[PDB]
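Here the structure comes first, spelled out in structure tokens, and everything after it is commentary.
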Amino acid sequence: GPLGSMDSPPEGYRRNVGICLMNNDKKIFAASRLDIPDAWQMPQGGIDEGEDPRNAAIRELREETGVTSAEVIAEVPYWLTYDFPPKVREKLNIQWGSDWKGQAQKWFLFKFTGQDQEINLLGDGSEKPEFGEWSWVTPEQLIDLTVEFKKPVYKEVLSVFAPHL
Numbered sequence: 001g002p003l004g005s006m007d008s009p010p011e012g013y014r015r016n017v018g019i020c021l022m023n024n025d026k027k028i029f030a031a032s033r034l035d036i037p038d039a040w041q042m043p044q045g046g047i048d049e050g051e052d053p054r055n056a057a058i059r060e061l062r063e064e065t066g067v068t069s070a071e072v073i074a075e076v077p078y079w080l081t082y083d084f085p086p087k088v089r090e091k092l093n094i095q096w097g098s099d100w101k102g103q104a105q106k107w108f109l110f111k112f113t114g115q116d117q118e119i120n121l122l123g124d125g126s127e128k129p130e131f132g133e134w135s136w137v138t139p140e141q142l143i144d145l146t147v148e149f150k151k152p153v154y155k156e157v158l159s160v161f162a163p164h165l
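Numbering (the authors' numbering), first residue to last: 1 to 165.
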């Protein structure tokens, strides 16, 4: 399940972003989906109409875990378009019309210069929170505990963050 990344988001793609947060241990902020205890992942969201990725990364990161006490240590050079198979394609790609085809997401690195007590994984939206449980695992560890759908994505993010990890 490879990707395309590309330093420039191609025609028709869900411009989104991801945020890689590492603590004083050089680990990564892992969070599980309020349903799957084995599905660990780091914060991530989608860029607004005309907003920057880095900013979207930072903000999305907050709105999802409340984590604000952090600084950028690095950023991914290219993007990341996780296209879906021929089956999901018709349910996703063609689900946009005839221009889209996947999801282009750029990731960023961040240092948690605060306290864990800020991570509530909650959210007042009337629907439900984002993550049910979070932890501090290593980069290669997070990729293990994370979901396949994001392992290769995060993996490519780590490779970029190698000179920083």
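Where is the CB? At the ideal position from N, CA and C, for every residue including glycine.
Exercise. What is the DSSP secondary structure of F110, counted as helix, strand or coil?
Worked result: As a position in the sequence shown, residue 110 is number 110, starting the count at 1. In the structure shown, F110 sits in a strand (DSSP, three-state: E or B).
Problem set entry | Own chain, CB closer than 7 Å to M6, minus 5 neighbours either side, in chain order | If you number the sequence shown from 1, residue 6 lands on position 6. Here the set comprises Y78, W79, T81.
For this session: May I have the straight-line CA-CA distance separating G132 from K26, to the nearest angstrom?
Result: On the sequence shown, residue 132 is found 132 positions in, with the first residue counted as 1. On the sequence shown, residue 26 is found 26 positions in, with the first residue counted as 1. Distance between the alpha carbons of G132 and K26 is about 23 Å.
Exercise. Exposed or buried, which one is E60 when buried takes at least 16 other CB atoms within 10 Å?
Worked result: Within the sequence shown, the letter at position 60 stands for residue 60. Its Cβ being crowded by 16 or more others within 10 Å, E60 is buried.
Exercise. Could you give the residue range of the beta strand (DSSP E) that holds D38?
Worked result: In the sequence shown, residue 38 corresponds to position 38, counting from 1. Annotation for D38: the continuous beta strand (DSSP E) segment containing it runs 36-41.
Problem set entry | Alpha carbon of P85 to alpha carbon of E130, nearest angstrom | The residue given as residue 85 occupies position 85 in the sequence shown. The residue given as residue 130 occupies position 130 in the sequence shown. C-alpha of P85 to C-alpha of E130: approximately 26 Å in a straight line.
Problem set entry | Boundaries of the beta strand (DSSP E) in which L21 is found, first to last residue | On the sequence shown, residue 21 is found 21 positions in, with the first residue counted as 1. Under the DSSP assignment, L21 falls in the beta strand (DSSP E) whose first and last residues are 16-22.
Exercise. With DSSP run on the structure shown, which of helix, strand or coil describes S69?
Worked result: Start at 1 with the first residue of the sequence shown, and residue 69 comes out as number 69. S69: coil per DSSP, three-state reduction.
Problem set entry | Separation of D99 from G18, as counted between CA atoms | Position 18 of the sequence shown, counting from 1, holds the residue named residue 18. Position 99 of the sequence shown, counting from 1, holds the residue named residue 99. Rounded to the nearest angstrom, the gap between the Cα atoms of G18 and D99 is 23 Å.
For this session: Give the secondary structure of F84 by DSSP, where H, G and I count as helix, E and B as strand, and everything else as coil.
Result: The residue given as residue 84 occupies position 84 in the sequence shown. In this structure, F84 counts as coil in the three-state DSSP scheme.
For this session: Measure the alpha-carbon distance for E140 versus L158 and round it to whole angstroms.
Result: Taking the first residue of the sequence shown as position 1, residue 140 is located at position 140. Taking the first residue of the sequence shown as position 1, residue 158 is located at position 158. So the two alpha carbons sit approximately 8 Å from each other.
Exercise. Mind checking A70: buried by the 16 CB within 10 Å criterion, or exposed?
Worked result: Counted from its first residue, the sequence shown places residue 70 at position 70. The C-beta of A70 has 16 or more other C-beta atoms within 10 Å across all chains shown, which makes the residue buried.
Exercise. Touching or not, the segment 31-40 and the segment 143-158, by the rule of three or more beta carbon pairs under 8 Å?
Worked result: Note that the segment 31-40 touches the segment 143-158; at least 3 beta-carbon pairs, one per stretch, sit closer than 8 Å.
Problem set entry | Alpha carbon of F29 to alpha carbon of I119, nearest angstrom | Along the sequence shown, one-based indexing puts residue 29 at 29. Along the sequence shown, one-based indexing puts residue 119 at 119. C-alpha separation (whole angstroms): 10 Å.
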